[PDB]
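Shown next, in C-alpha cells, is the structure this report addresses.
Here, each number is a calculation from the coordinates, and none is a lab measurement. So basically every Cβ, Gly included, is an ideal-geometry build from the backbone, and we count neighbours across all protein chains shown.
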Ligand SMILES: [Ca+2]
Ligand SMILES: [Ca+2]
Ligand SMILES: [Ca+2]
Ligand SMILES: [Ca+2]
Ligand SMILES: [Ca+2]
Ligand SMILES: [Ca+2]
C-alpha cells in the first residue's frame with residue numbers, strides 16, 4: 001500500500017484512502033471515495049476520481065521546474081466542484097502576476113489544459129509551477145486552491 005522510493009503506479013479502491021507516492025515518478029489513482037493524495041518528490045500524475053479529493057505537497061520541492069528539467073506535478077481531469085489543491089509549502093509572494101514568485105493561471109489554446117506558473121527566483125532560480133491536464137476549466141472555481149476567498153472584482 002502507498003508507494004516507495006523509485007517509480008510507482010498506484011491504484012486506489014472504492015473506499016476513501018490516504019495514498020502517498022514517495023520519491024520518484026509516480027501515477028496515483030484514487031477511484032471512488034474521498035481520497036488524500038500526496039505526490040512526494042519527483043514529478044507525478046494524480047487522478048482523484050469520484051468523491052472530494054485533496055492533492056497535497058509532501059516536500060517543499062514537490063513540484064518545481066528548472067532548466068535541468070521539469071519536476072512539477074500534473075493533476076488529471078479534476079472536479080472543481082469538490083476537489084482541493086494545497087501548495088503552501090512552496091510559497092508564493094503574490095497571486096496575480098506570474099513572475100518573480102507571484103502566481104498566475106494560464107490555459108492551453110483549446111482550454112483543455114490549465115497551468116499555474118510563477119517564474120520564482122527568490123534565491124535559487126527554481127520556479128515552482130504546476131499543471132492540470134483534462135481540467136474542467138469550464139467550471140473552475142477559486143475554492144479549489146488553499147488561499148481561497150478570491151472574490152471577482
Ligand atoms: Ca515512488
Ligand atoms: Ca479511493
Ligand atoms: Ca513522487
Ligand atoms: Ca476519489
Ligand atoms: Ca474528485
Ligand atoms: Ca511531486
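So for the chain: antiparallel DSSP bridges make up what percent, rounded to the nearest 5?
Working: 11 of 35 bridges.
If I count the DSSP bridges inside the chain, around 30 percent turn out antiparallel.
When the Cα centres of segment 1-74 and segment 81-126 are compared, how far apart do they sit, in Å? If we compute the Cα centre of each part, the gap is 18 Å.
Going by neighbour counts of Cβ atoms within 10 Å, the residues 4, 114 line up, fewest first, as 4, 114.
Panel values: the chain, Kirkwood radius from alpha carbon pairs, Stokes-Einstein at 20 °C and 1.002 mPa s, translational diffusion coefficient 137 µm²/s. Our summary gives the chain a relative contact order of 16 percent, counting only alpha carbon pairs under 8 angstrom and 6 or more residues apart. Springs join every pair of Cα atoms under 10 Å in this Gaussian network model of the chain, and among 102, 139, 54 the largest mean-square fluctuation is at 139.
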